[PDB]
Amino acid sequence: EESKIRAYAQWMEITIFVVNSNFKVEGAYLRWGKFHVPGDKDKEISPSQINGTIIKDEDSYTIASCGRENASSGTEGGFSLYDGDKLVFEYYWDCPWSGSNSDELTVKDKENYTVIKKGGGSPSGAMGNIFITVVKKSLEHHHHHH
């Protein structure tokens, strides 16, 4: 009952909201901690339950991970988002039990997508809530082919 309070003290929730296409989560993994149903750290889900998830246009989806009860140095992992067969971004976080939070968002097609993260990086204490927006550029607005 106090093993978990401790381990749960390092936690993140990442919400991906998308516009102008349907996108797919793939490549989710963890090296430390567990994934779980957002809002309920006692309900673990696997990478495989995340991978393949489609985020529909004008919807979001949240991934959540925290420390493992009586085990882990916090949470450390990542995932990738695709638009069909096109890799849009790779995300990675390392939020250790004892140490400084870090992350990294690698945008793979800046030309066709606007991808913006809020939260994340290197805050104190628990990693916390992180938000990524992804907008597939509309030619009539962005004129982004040339």
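Just count from 1 along the sequence shown to find any residue number.
Chemist: Between 99 to 107 and 42 to 50, which has the higher average C-alpha B-factor in the PDB entry?
Modeler: Of 42 to 50 and 99 to 107, the stretch with the higher C-alpha B-factor average is 99 to 107.
Chemist: With reference to the PDB entry, specify whether the mean Cα temperature factor is higher for 3 to 11 or for 135 to 143.
Modeler: Result: 3 to 11.
Chemist: Taking the Cα B-factors listed in the entry, which of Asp85, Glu90, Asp57, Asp94 comes out highest?
Modeler: Result of the comparison over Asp85, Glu90, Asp57, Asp94: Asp85.
Chemist: Sorting by Cα B-factor within the chain, modelled residues only, which third would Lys34 end up in: lowest, middle or highest?
Modeler: As the PDB entry reports it, the C-alpha B-factor of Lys34 lands in the lowest third of its chain.
Chemist: Within this chain, which third does the Cα B-factor at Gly67 fall in: lowest, middle or highest?
Modeler: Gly67: CA B-factor falls in the middle third of its chain.
Chemist: Within this chain, which third does the Cα B-factor at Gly120 fall in: lowest, middle or highest?
Modeler: Highest third - that is where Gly120 ends up once the chain's C-alpha B-factors are sorted.
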